[PDB]
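First the structure, in the form of structure tokens, and then the observations on it.
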Amino acid sequence: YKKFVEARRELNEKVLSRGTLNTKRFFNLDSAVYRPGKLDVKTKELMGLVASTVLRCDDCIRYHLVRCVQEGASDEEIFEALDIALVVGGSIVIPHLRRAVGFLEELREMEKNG
Amino acid sequence: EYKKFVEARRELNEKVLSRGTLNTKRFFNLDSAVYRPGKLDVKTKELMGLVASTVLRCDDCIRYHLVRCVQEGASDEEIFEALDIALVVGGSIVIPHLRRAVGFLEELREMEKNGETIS
Amino acid sequence: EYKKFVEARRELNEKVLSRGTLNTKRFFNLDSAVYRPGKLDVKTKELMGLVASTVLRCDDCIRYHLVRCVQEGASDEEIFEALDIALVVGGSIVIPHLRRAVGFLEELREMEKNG
Amino acid sequence: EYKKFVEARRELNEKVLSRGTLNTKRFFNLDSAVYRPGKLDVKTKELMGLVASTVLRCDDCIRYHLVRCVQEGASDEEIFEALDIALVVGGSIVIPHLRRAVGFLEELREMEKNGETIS
Amino acid sequence: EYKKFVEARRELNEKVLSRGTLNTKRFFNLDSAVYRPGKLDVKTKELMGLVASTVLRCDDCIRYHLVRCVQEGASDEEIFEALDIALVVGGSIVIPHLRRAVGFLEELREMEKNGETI
Amino acid sequence: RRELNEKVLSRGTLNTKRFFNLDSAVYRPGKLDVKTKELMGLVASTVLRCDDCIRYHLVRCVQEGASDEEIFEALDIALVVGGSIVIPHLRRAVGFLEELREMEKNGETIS
Numbered sequence: 003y004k005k006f007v008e009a010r011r012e013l014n015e016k017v018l019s020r021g022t023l024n025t026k027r028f029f030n031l032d033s034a035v036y037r038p039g040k041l042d043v044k045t046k047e048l049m050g051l052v053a054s055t056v057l058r059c060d061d062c063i064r065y066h067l068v069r070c071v072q073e074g075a076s077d078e079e080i081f082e083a084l085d086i087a088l089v090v091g092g093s094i095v096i097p098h099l100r101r102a103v104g105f106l107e108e109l110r111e112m113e114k115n116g
Numbered sequence: 002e003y004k005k006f007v008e009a010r011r012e013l014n015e016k017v018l019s020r021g022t023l024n025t026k027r028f029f030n031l032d033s034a035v036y037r038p039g040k041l042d043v044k045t046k047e048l049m050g051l052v053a054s055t056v057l058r059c060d061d062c063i064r065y066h067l068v069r070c071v072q073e074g075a076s077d078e079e080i081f082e083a084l085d086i087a088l089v090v091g092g093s094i095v096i097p098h099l100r101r102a103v104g105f106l107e108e109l110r111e112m113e114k115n116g117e118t119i120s
Numbered sequence: 002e003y004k005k006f007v008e009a010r011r012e013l014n015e016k017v018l019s020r021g022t023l024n025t026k027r028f029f030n031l032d033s034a035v036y037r038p039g040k041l042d043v044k045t046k047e048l049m050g051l052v053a054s055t056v057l058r059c060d061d062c063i064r065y066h067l068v069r070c071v072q073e074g075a076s077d078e079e080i081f082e083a084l085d086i087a088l089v090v091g092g093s094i095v096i097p098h099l100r101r102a103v104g105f106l107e108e109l110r111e112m113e114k115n116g
Numbered sequence: 002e003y004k005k006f007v008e009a010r011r012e013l014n015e016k017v018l019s020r021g022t023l024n025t026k027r028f029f030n031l032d033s034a035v036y037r038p039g040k041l042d043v044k045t046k047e048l049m050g051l052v053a054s055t056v057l058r059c060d061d062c063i064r065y066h067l068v069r070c071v072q073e074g075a076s077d078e079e080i081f082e083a084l085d086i087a088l089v090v091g092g093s094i095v096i097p098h099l100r101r102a103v104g105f106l107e108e109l110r111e112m113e114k115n116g117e118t119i120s
Numbered sequence: 002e003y004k005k006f007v008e009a010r011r012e013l014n015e016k017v018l019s020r021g022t023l024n025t026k027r028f029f030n031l032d033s034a035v036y037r038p039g040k041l042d043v044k045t046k047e048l049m050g051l052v053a054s055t056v057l058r059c060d061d062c063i064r065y066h067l068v069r070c071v072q073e074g075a076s077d078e079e080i081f082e083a084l085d086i087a088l089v090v091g092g093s094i095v096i097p098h099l100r101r102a103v104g105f106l107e108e109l110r111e112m113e114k115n116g117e118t119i
Numbered sequence: 010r011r012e013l014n015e016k017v018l019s020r021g022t023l024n025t026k027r028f029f030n031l032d033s034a035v036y037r038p039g040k041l042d043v044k045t046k047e048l049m050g051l052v053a054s055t056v057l058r059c060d061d062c063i064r065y066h067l068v069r070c071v072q073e074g075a076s077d078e079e080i081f082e083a084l085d086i087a088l089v090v091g092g093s094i095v096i097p098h099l100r101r102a103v104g105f106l107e108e109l110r111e112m113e114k115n116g117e118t119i120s
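Chains as they are written, first to last, in the deposited numbering: chain B, 3 to 116; chain C, 2 to 120; chain F, 2 to 116; chain E, 2 to 120; chain D, 2 to 119; chain A, 10 to 120.
Structure below.
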């Protein structure tokens, strides 16, 4: 799990560090686009999940899975979102869906310990 | 150009299935079923279809989920907040599609204004 | 429709190669060569291009491989079994490209109806 | 790796279906259904799966479709005639995937040479 | 097709902005900012935009970056050499776009031959 | 890797080899220079999200003169055009790059 929570924070820092003003603004924008608006954050994180799945980025999927849980999304919710990505995106996304499910249970197996 | 759209979809889709296969039909049915009501409401699922269609850059798909979002009563704000997510995730190549999507959405809003139907 | 496409094809074709490079010319040779007969026949070959073209959603490419499959003896029956795979693998986003392929396909099986 | 592939796939597959929905399930079924014999051979159907998964750069999809092409008696020569089509249509960004698919295709060939089960 | 392409993009762009969010403006600005001369001159940046837009197959982004390349003094040699890169990396699926980009390139060299605005 | 290309060309075809040629040719100096061409390969490879293609192009850039400054200016273009899904690959690119500066510094060849 946090093998990618540190692979994130850490590698994210460097990039912004040895970055550019433009790089910084993009990242700020990436994060900004999810903040609550006329749509709550749960919804936007699910859309992030959907877009990440159809575009097949395991790391983005992982990140958004985390946030969704954190935003109180149910597995029923997460999976109803993933079915959309699967159908629009095709069967090539199955290996990603396949790994996204495993990550999700690993996540829930922390909501039972602490 | 809205009437250009809705008509050609019903057209070719019919043709497609016609000379299609039982699989062609099963997939098409599935493309509709996945958007139906569940723990997530229909407006939420239709905006997600808008997000997927935009990052994957498919105009007709974008057009289709646009009317669907309208029907479900999504506010232009709601749509743009979703389109904002597609734009940032899929990059600026998505811009030419976001432009058309707005001209199209404006057309659907005019019709709604003049009480015209859009299904 | 058909000619507008082909005449434009070959025209913009030599035009690109025209102002193009040697690296260009070579590549176009490749795209056309890899479909040459081998342990797999030209039809099978061209139906794989059709599948490749559909999942990457390149209408123009699709149209090219589709006309090629017909002239290679493929049937709407076989062509469609190919598109079905393209559909499941590529996803719902390919449907708009499936529509156009069909409309263009019949327009073809409607031309050999006169030769 | 091959026996790690077929294991996780199978396991995570039943895992996705498990925690999923009738739509998930119906989609997967359709993913296998579209490869069954028709006016076109199953070897041809599977090689097409190989081409599509290659131009789209999906390693798991590639490995899976390789065992199927082998299981359906495709020869390394037939296989490469298909991959060269995916490599050309898909550009050089596919080349890295081509590398892996080769070290995998020969692991299977070596498996079958020692009469080992490839399913 | 030019005076039609530019006159629509400009209006569509304004339309997208006005009906858009602050996030949309910021993103559109960032998309502009990124091609400004830095350690890399703008001709190179625009050529990279053309290569990224070609392997990604966005016709509009292609026409757009092409004019930019031109108004930046890029020969048809530099432009093709960069296109060859997009071709090999992007695959033969880009060929259709490579065609349209050609017919458009010339249409641009035309307008300038006659000092026509770009 | 470098060896895998052998196994590929080896088990390959006349076309597999002809394609591998173009992919190498296309990047030699011409009206545009090598440094530029390689940064373009970095671009294309970043928007298309191929780590192997990115890494290879990073080495060539690093080994072709290009500085982190020029390399980041190239990456930002990829980030904006390709979008936020490239960020993970941006990460691994940055981490790889400084791994070549925490190496070329101590004088070391780069294939």
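Note that beta-carbon positions come from the ideal geometry of N, C-alpha and C, so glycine has one too.
Would you mind telling me which residues of chain F sit closer than 9 Å to residue i, beta carbon to beta carbon, in chain order?
{"i": "D/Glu82", "result": "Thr22, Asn24"}
{"i": "E/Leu48", "result": "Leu41, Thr45, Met49"}
Residue i: buried (16+ other C-beta within 10 angstroms of its C-beta) or exposed?
{"i": "F/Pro38", "result": "exposed"}
{"i": "E/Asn115", "result": "exposed"}
{"i": "F/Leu23", "result": "exposed"}
{"i": "D/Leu18", "result": "exposed"}
{"i": "C/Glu113", "result": "exposed"}
{"i": "D/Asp42", "result": "exposed"}
{"i": "A/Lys26", "result": "exposed"}
{"i": "A/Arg110", "result": "exposed"}
{"i": "F/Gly21", "result": "buried"}
{"i": "C/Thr118", "result": "exposed"}
{"i": "F/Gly74", "result": "exposed"}
{"i": "B/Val35", "result": "buried"}
{"i": "residue 146 of chain D", "result": "Only positions 2 to 119 of chain D appear in this structure, which leaves residue 146 of chain D out of reach."}
{"i": "E/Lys40", "result": "exposed"}
{"i": "C/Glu2", "result": "exposed"}
{"i": "B/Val7", "result": "exposed"}
{"i": "F/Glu78", "result": "exposed"}
Residues of chain A with a CB under 7 Å from the CB of residue i: which are they?
{"i": "C/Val52", "result": "What C/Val52 touches in chain A: nothing, since even the nearest Cβ is about 12 Å away."}
{"i": "F/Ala34", "result": "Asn24"}
What residues of chain F sit near residue i, judged by a beta carbon separation below 8 Å?
{"i": "E/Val56", "result": "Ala53, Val56, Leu57"}
Which chain E residues sit within Cβ distance under 7 Å of residue i?
{"i": "B/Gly104", "result": "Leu13, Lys16"}
{"i": "B/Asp42", "result": "Under the 7 Å cutoff, chain E gives no residues; its nearest Cβ is about 23 Å from B/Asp42."}
Chain D partners of residue i, CB-CB under 8 Å?
{"i": "F/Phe28", "result": "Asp85, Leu88, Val89, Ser93"}
In chain B, which residues lie less than 9 Å from residue i when you measure between Cβ atoms?
{"i": "E/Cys62", "result": "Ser93, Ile94, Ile96, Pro97"}
Residues of chain D with CB closer than 9 Å to the CB of residue i, please, in chain order.
{"i": "A/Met112", "result": "None at all; the shortest Cβ gap to chain D is about 22 Å."}
For a contact defined as C-beta to C-beta under 9 Å, what are the partners of residue i on chain C?
{"i": "E/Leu31", "result": "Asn24, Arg27, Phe28, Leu31"}
{"i": "F/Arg100", "result": "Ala9, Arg10, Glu12, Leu13, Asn14, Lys16, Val17, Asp61"}
Can you list the residues of chain B that residue i reaches, using a CB-CB cut of under 7 Å?
{"i": "C/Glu79", "result": "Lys40, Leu41"}
Contained alpha helix (DSSP H) runs [length at least 4] in the region 18-53 of chain C, N- to C-terminal order:
23-34
Check: Looking at C-beta atoms only, is the number of pairs between the region 46-57 of chain A and the region 87-100 of chain A that lie closer than 8 Å three or more?
Finding: yes
Margin query: Can you confirm whether the region 5-17 of chain F touches the region 100-107 of chain D when touching is taken to mean that 3 or more C-beta pairs between the two stretches lie within less than 8 Å?
Written below: yes
Are there three or more Cβ pairs, one per stretch, closer than 8 Å when the region 60-75 of chain A is compared with the region 61-73 of chain C? no
Restricting to runs no shorter than 4 residues, where is the alpha helix (DSSP H) found entirely within the region 46-97 of chain D?
60-71, 77-91
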